[PDB]
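Coming up is one lone chain in structure tokens, specifically the form deposited in one PDB entry.
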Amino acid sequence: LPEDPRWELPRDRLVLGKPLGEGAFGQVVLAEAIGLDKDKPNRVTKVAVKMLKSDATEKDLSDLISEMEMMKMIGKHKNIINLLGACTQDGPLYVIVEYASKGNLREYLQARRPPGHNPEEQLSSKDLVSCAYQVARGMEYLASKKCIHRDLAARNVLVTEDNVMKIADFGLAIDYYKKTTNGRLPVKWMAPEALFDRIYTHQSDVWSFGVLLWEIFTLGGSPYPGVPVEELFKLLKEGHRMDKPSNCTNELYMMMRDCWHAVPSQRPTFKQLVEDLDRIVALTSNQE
């Protein structure tokens, strides 16, 4: 492949470590980058490295290269997983991205549920809304760069050591029965027009963002538990809408319902959700 000197890091500057994301995002490993910043060559940064598996096909390689090229195009934001570099020359392709040490948002929320399980950390109402605000800001950035996610879900949001929310897996462009690493059905986050008419827009990502809000306020709850694909289809045709979680305000439930508008044009934009969530954070108590 051609050397892009914007992004090239010498192979000997990368110390590869243990695997990370359960295989969900392909072969991803924790690594240490020496002198990632040309400005600071004696500093190590923990990073995530994506590479090809042993029995990888030509398409598999094509998908990895495509994903990296998209991330250069999309550019940098606080609330997305950012490209940091690549090892393209003289060995296997390595794509180097930001490391989020507290894992996906579903895991992060579940680990901070109140005791039954005795957790070491607990989240205020302000913390939950702040999570929602950060995802909305990342999505507003990606939409502004004309990027449609197509799988927005707490499982595709990663949390850093500093509790920053980062949208992942936005750079890649369908078996309705295939389940997640965790055993859930991705069709349960899809807008009806995406599910039935294969039409994917920023508006269908807002619908997914509605399901993600529901995941946040249930602290990593599973949408439509025990509902198979055929029954989900009937629920959507009948216009079913999930119940309001306990410990969720009328205002946040109405935001969820607005994200789930049957008419795509009538859903709020991510620009609108960022403004509304900004106001709500400032007015939400951190005392419980």
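We call the rigid core the largest set of C-alpha positions that still match within 1.5 Å between the two forms. Throughout, we count residues from 1 along the sequence that is shown.
Compared with the other entries of this protein, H117 is frequently left unbuilt, missing from a third or more of those that build its neighbours.
Across the other PDB entries of this protein whose models span the neighbouring residues, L14 is modelled without exception, so it is unmodelled in far fewer than a third.
In terms of unmodelled positions of the deposited sequence, the chain runs continuously from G183 to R184 in this entry.
Where coordinates are absent for parts of the deposited sequence, a chain break appears; between neighbours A173 and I174 it spans 4 to 9 residues. As listed in the deposited structure, the average C-alpha B-factor of 121-129 and of 146-154 is greater for 121-129. In this entry, 85-93 has the higher mean Cα B-factor, the comparison being between 85-93 and 155-163.
In this structure the maximum Cα B-factor among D258, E251, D37, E231 is found at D37. In the PDB entry, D197 places in the highest third of its chain by CA B-factor.
Split the chain's modelled residues into thirds by C-alpha temperature factor. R11 is in the highest one. Compared with the other modelled residues of the chain, the Cα B-factor recorded for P115 ranks in the highest third. Split the chain's modelled residues into thirds by C-alpha temperature factor. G220 is in the lowest one. In this PDB entry, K53 carries a Cα temperature factor that places it within the highest third of its chain's modelled residues.
This protein has a second form, the form deposited in another entry, left out of what is shown; the following refers to that one.
For the residue set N163, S144, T180, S101, core-aligned C-alpha shifts between the shown form and the other one reach 2 angstroms or more at a single site, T180.
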